[PDB]
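Visitor: need a structure here:
(chains A, B, C, D, E, F, G, H, I and J)
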Amino acid sequence: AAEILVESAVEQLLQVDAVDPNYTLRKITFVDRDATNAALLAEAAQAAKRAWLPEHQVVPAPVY
Amino acid sequence: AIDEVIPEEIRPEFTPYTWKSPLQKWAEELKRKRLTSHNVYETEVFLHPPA
Amino acid sequence: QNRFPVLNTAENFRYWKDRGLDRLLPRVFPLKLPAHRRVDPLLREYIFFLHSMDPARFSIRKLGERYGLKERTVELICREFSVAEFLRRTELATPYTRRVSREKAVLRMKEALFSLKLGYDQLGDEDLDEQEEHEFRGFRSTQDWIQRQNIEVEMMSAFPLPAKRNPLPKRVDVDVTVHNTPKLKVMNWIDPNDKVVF
Amino acid sequence: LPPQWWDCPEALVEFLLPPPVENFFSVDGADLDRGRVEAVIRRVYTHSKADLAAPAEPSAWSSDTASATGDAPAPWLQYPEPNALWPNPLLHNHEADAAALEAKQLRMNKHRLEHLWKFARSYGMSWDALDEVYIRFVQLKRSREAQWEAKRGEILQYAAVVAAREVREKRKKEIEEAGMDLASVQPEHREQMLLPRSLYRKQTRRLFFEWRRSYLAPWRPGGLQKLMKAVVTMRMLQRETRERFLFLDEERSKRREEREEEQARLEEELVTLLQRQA
Amino acid sequence: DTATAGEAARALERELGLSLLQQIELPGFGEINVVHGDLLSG
Amino acid sequence: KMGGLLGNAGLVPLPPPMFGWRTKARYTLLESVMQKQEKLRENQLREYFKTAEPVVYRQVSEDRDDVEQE
Amino acid sequence: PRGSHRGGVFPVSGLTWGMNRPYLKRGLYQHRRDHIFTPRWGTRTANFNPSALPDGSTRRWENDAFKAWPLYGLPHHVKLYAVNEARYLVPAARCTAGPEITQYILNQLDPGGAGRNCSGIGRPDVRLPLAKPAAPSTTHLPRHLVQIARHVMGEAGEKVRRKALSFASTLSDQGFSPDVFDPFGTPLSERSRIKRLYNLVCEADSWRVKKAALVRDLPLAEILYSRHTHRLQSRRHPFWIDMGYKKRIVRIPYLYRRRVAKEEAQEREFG
RNA sequence: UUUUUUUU
RNA sequence: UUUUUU
RNA sequence: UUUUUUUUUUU
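Guide: Residues are numbered from 1 along each chain as shown, chains lettered A, B, ... in the order given. Below is the structure in question.
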């Protein structure tokens, strides 16, 4: 469930699925009371950042 | 919350919804029509062409 | 003698099994086939295209959720599709004349025969994630390898009985990579049994 | 029709002559001209007016990042058009606030445009829109299959006489070159020698399949990707244009109904333009 | 004695830095994406 | 020899090579030439992707010549 | 090294020697697959096509092919599954106990909780085919939100929307509560299929069947015929194995012609 | 539908 | 060199 | 018995 949410947030910001871009929403935050859950959520964030931003694109050494 | 259960035939698999993707709706429609056939589906044919 | 209407009892275990003189009776069984081959070839092209187009928007996990495909199964579709197309565009060799072991040749015949009788599957039918269920998977499933016992014996009493001794994890050696270079590959040997970390 | 197949009935015309596949147009450079490509880009840029513009980023200019340069040879960005769109100058919309606001908007839009392609690379059709076309593509092709099956007997019977005119003529030359004469041969064996049961059955099977192989669109070796490549790309050009002129070409004088139909008919023009053989 | 780690492992983590969570920032599209976890109606 | 291998792993300081470092004068210029050639080769392949052609003939005998990267 | 076998060299199929028997000479006969039970999920063609027009009219399906590629979509399984569903849920149907006892019974019959896909049988928000009409289970709904909502809803949704049929039946579920109900007309229809009982009926089609001694004998051959577990494994090199088949291509036909050559010639000169 | 069944 | 054949 | 991998319980 965690990965679904995180992955969804990014798309909204960029407005991929929109012929006519209408930038209105520019602030998305997540709040969790549970410490355990919070930690987990963080992990998801990391994965989201990968394969999206060119500055965090990993590549195996043998193929690099 | 349960009582005397009466046998009733249901088809949960073939249940259109407002969240299913367009491809899923199409795929389920053709599959459902094949099982409901009572002339071709419920028959055994030895040869491939209608000899 | 006893009441237990469930599907996980001793007699109900391994339902529809020959217990008696019927074991020697010949019986036909369905032929298994991988899921990545039963799907419509048409859809495979489509799936591959998406993957190769935008890996970010179309991730390995998100792409398989719409069509109902596992993370491992969807990976093979792109890999097997890629090689088939590479030999055609480059005018190297035809897929039919391609060299491959006999294990794959028989598999191809089953795939063609599967569709000729029933037909190709327009959408996969499998769960992305597993589920803890009572099933018979080999002879090593219904056995306890920790205590090495088949029959558990316990004292009958209403009062709280003392708990059993919990097992400990097995410590084994592993290897990791620290520095990788084209002309040299350095690795580190980890020893969990060492008290001093340093 | 070809002179060889001059005996074909009226009922068997559409089989050997597959129709031109509805609205299947391609965007690859293998079937495009200089004139066509220019026209399509022009038609898009004509929406607004401008005379003065500035250079673009995606053009050498001491390249240092692997973002604004040539992408890897993927099978989605090989067709010619966007190399002729990215390096295009930043056109204007047309003292004091009349100029300061116009410059500010353009400058601001420039930065966003640059990063448009940096993170994402697919901003065309939606998930459902992509699937929509797919459904229809299968449906249209399924019909052809059905037809063939029905007409199995007709097709096969027709091809029987086709092979007779070829096997008889081909076998006549072979015997003349190999043999000496057929005047002293028994009349009974004369017919069998010219039309043997081996070549007649083999040629008929090969010729029967000849008629087949229609609807070459869903071809494994790069036959499906062609439609997708030409479909998705349509939306990308429109989006690009809008990006350049977001809040500098319209004062929000239209509702959703007018905007929805504005981009409807637009596509029509483009399809006709590109899909033309004059 | 071979069940849990000794004091050496705990000390090393203090220096390595392993002992506001995440922020996804995109210049131009999205301001920030903070995943700070705390009470809402505190 | 042991010191050299350990130096690359970062366990110990990298020892100097044979004849020292100050004498390494011609190698510095030679290394730059090799690095420059690699960068120039990159520029060559850039144009290829725009008009990639699996099959390319030549004006000799219409011979087929396949192209593949690695 | 280990060369030739030192032992009985008994056959894989498990047959005896002697005259008027399949096997004549002592040997292993590893290549003989005819004696081994194998399925036939393919198709076989004819040796001659009388039809003038070349057409694939000689293709025929195999008896074992129908069961080799089944499909869990046939109509005559749902009817049987529905009947078994009622007989499987009888322990909780006639359990006139409290919620604690009923809940435990349903848990064993169908494992379902948090993070697991349950069939939804027995939950308050689910429609079931009860023998007689009964009111919904409105006991779990809050009392504070319903009371405050009954006034703002208005007469439209207080006596004609849900209350018009909330007391039409004499029977009820979890007692009676005329004060607490659901003013909104949300239909809690639809259900879910089970994963345990459904998988058993589907697999039932794979086990269906269509001076003499008093007690029938049990030849050894019978055991090894179907079962492949008790069969000795191969030991010969693959190369030799493959070469044996090639040898037989031209050898076998010669043996057939050699036998008929003597018989046919004898009758043409004496008979 | 590929010199497929088919075998130095 | 023949026969069969989505 | 893995095209672009030197990785892969390949089967």
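
Visitor: give me the number of residues near residue D:53?
Guide: The local packing of residue D:53 (other Cβ atoms under 10 Å in any protein chain shown) involves 12 other residues. For the C-beta atoms, the positions are set from N, CA and C on the backbone; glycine is no exception.

Visitor: Sorry, slip of the keys, the one I care about is residue G:205.
Guide: Neighbour tally, residue G:205, other Cβ under 10 Å: 14.

Visitor: Now it: closest residue in space, sequence neighbours ignored.
Guide: Distances taken as Cβ to Cβ, 6 or more residues apart in numbering or on different chains place residue G:70 nearest to residue G:205, at 6.5 Å, with adjacent residues excluded.

Visitor: List the contacts of residue G:202.
Guide: G:72, G:77 (Cβ atoms under 8 Å, 6 or more residues apart in numbering or on different chains).

Visitor: and residue D:169, what helix or strand is that in?
Guide: helix D:152-178 (DSSP states H and E).

Visitor: what about that helix and chain G, touching?
Guide: Yes. Against chain G, helix D:152-178 shows contacts by Cβ under 8 Å from any Cβ of the partner chain at D:156, D:157, D:160.

Visitor: Settle this for me: residue A:56 is touching residue A:45, isn't it.
Guide: No. Between residue A:56 and residue A:45 there is no contact under Cβ atoms under 8 Å: 11.5 Å.

Visitor: Give me the more crowded residue out of the two.
Guide: Neighbours per residue (other Cβ under 10 Å) separate residue A:56 from residue A:45, with residue A:45 holding more: 19 against 10.

Visitor: So that one belongs to a helix, correct?
Guide: Yes. Assigned with DSSP: H, G, I helix; E, B strand; the rest coil, residue A:45 falls within a helix.

Visitor: Skipping adjacent residues, who's closest to it in space?
Guide: In space, residue A:45 is closest to residue E:22, 4.0 Å off (Cβ to Cβ, 6+ apart).

Visitor: Three-state assignment for the residue most central in space within chain B, please.
Guide: Nearest residue to the geometric centre of chain B (Cα atoms, centre = their mean): residue B:32, 3.0 Å. Following three-state DSSP, we place residue B:32 in the helix state.

Visitor: Just give the number of residues close to the nearest residue to residue E:32 once chain neighbours are set aside.
Guide: Among residues not flanking residue E:32 along the chain, residue E:25 sits closest, at 5.2 Å (Cβ to Cβ, 6+ apart). For residue E:25, the number of neighbouring residues by other Cβ under 10 Å comes to 12.

Visitor: residue contacts, residue E:25?
Guide: Applying Cβ under 8 Å, 6+ apart, the residues near residue E:25 are E:31, E:32, E:33.

Visitor: Just give me the longest helix of chain G.
Guide: What stands out as the longest helix in chain G, according to DSSP state H, is helix G:238-269.

Visitor: actually chain C, not the one I wrote
Guide: helix C:71-89.

Visitor: what's around the residue lying closest to residue A:28 once chain neighbours are set aside, how many residues?
Guide: The shortest distance from residue A:28 to any non-neighbouring residue, by Cβ to Cβ, 6+ apart, is to residue A:9 (5.1 Å). Residue A:9 has 18 neighbouring residues, counting by other Cβ under 10 Å.

Visitor: distance of residue A:9 from RNA strand H?
Guide: 46 Å (Cβ to the nearest atom of the strand, to the nearest Å).

Visitor: now do residue D:18
Guide: Residue D:18 sits 15 Å away from RNA strand H, going by Cβ to the nearest atom of the strand.

Visitor: show me the contacts for the nearest residue to residue C:12 once chain neighbours are set aside.
Guide: Nearest residue to residue C:12 in three dimensions, chain neighbours excluded: residue C:6, at 7.3 Å (Cβ to Cβ, 6+ apart). With contact set as Cβ under 8 Å, 6+ apart, residue C:6 has these partners: C:12, G:108, G:109.

Visitor: Which one of the residues you listed is nearest to chain D?
Guide: residue G:109 (39.4 Å; Cβ to the nearest Cβ).

Visitor: so that closest one makes contact with residue G:90?
Guide: No. Residue G:109 lies out of contact with residue G:90 (Cβ under 8 Å); the separation is 10.0 Å.

Visitor: neighbour-wise, which of the two wins?
Guide: Shown here are residue G:109 and residue G:90; by other Cβ under 10 Å, residue G:109 has more neighbours (21 against 12).

Visitor: Quick check on that one: phi, psi?
Guide: Per-residue torsions, residue G:109: phi -60, psi -30 (degrees, to the nearest 10).

Visitor: where's it relative to residue G:87, distance?
Guide: 12 Å (Cβ to Cβ, to the nearest Å).

Visitor: shouldn't residue B:45 be in contact with residue G:59?
Guide: No. Counting by Cβ under 8 Å, no contact exists between residue B:45 and residue G:59, whose distance comes to 11.1 Å.

Visitor: between the two, which one's more packed in?
Guide: Neighbours were counted for residue B:45 and for residue G:59 using other Cβ under 10 Å; residue G:59 has more, 16 against 11.

Visitor: ok, that one - contacts?
Guide: Contacts of residue G:59 (Cβ under 8 Å, 6+ apart): B:47, B:48, B:49, G:43, G:45.

Visitor: Kindly check the end-to-end length of stretch D:244-258 for me.
Guide: This stretch, stretch D:244-258, spans 21 Å end to end (Cα to Cα, to the nearest Å).

Visitor: err, stretch D:29-48, not the other one
Guide: Start-to-end, stretch D:29-48 (Cα to Cα) is 28 Å.

Visitor: so how far is RNA strand I from the residue nearest to the centre of chain B?
Guide: 23 Å.

Visitor: Surely residue B:22 and residue D:135 touch.
Guide: Yes. Counting by Cβ under 8 Å, residue D:135 is a contact partner of residue B:22 at 6.3 Å.

Visitor: what about the residue in the stretch 51-200 of chain D that chain B sits nearest to, neighbour count?
Guide: Proximity of the stretch 51-200 of chain D to chain B (Cβ to the nearest Cβ) peaks at residue D:131, 4.8 Å away. Neighbour count for residue D:131, taken as other Cβ under 10 Å: 18.

Visitor: how about residue C:53, what does it touch?
Guide: D:74, D:76, D:121, D:122.

Visitor: Can you tell me which of those are buried?
Guide: For these, a neighbour count by 16 or more other Cβ atoms under 10 Å in any protein chain shown gives the buried set as D:76, D:121, D:122.

Visitor: May I see those arranged in JSON lines, with secondary structure and distance to chain E as well?
Guide: Formatted as JSON lines, the buried ones among the contacts of residue C:53 follow (DSSP: H, G, I helix; E, B strand; the rest coil; distance: Cβ to the nearest Cβ, whole Å):
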{"residue": "D:76", "secondary structure": "coil", "distance to chain E": "22"}
{"residue": "D:121", "secondary structure": "coil", "distance to chain E": "14"}
{"residue": "D:122", "secondary structure": "coil", "distance to chain E": "15"}
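
Visitor: picking up where we left off before, let me have the contacts of residue G:59 in a markdown table, adding neighbour count and secondary structure as columns.
Guide: Formatted as a markdown table, the contacts of residue G:59 follow (neighbours: other Cβ atoms under 10 Å in any protein chain shown; DSSP: H, G, I helix; E, B strand; the rest coil):
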| residue | neighbour count | secondary structure |
| --- | --- | --- |
| B:47 | 13 | strand |
| B:48 | 14 | coil |
| B:49 | 13 | coil |
| G:43 | 16 | strand |
| G:45 | 10 | coil |
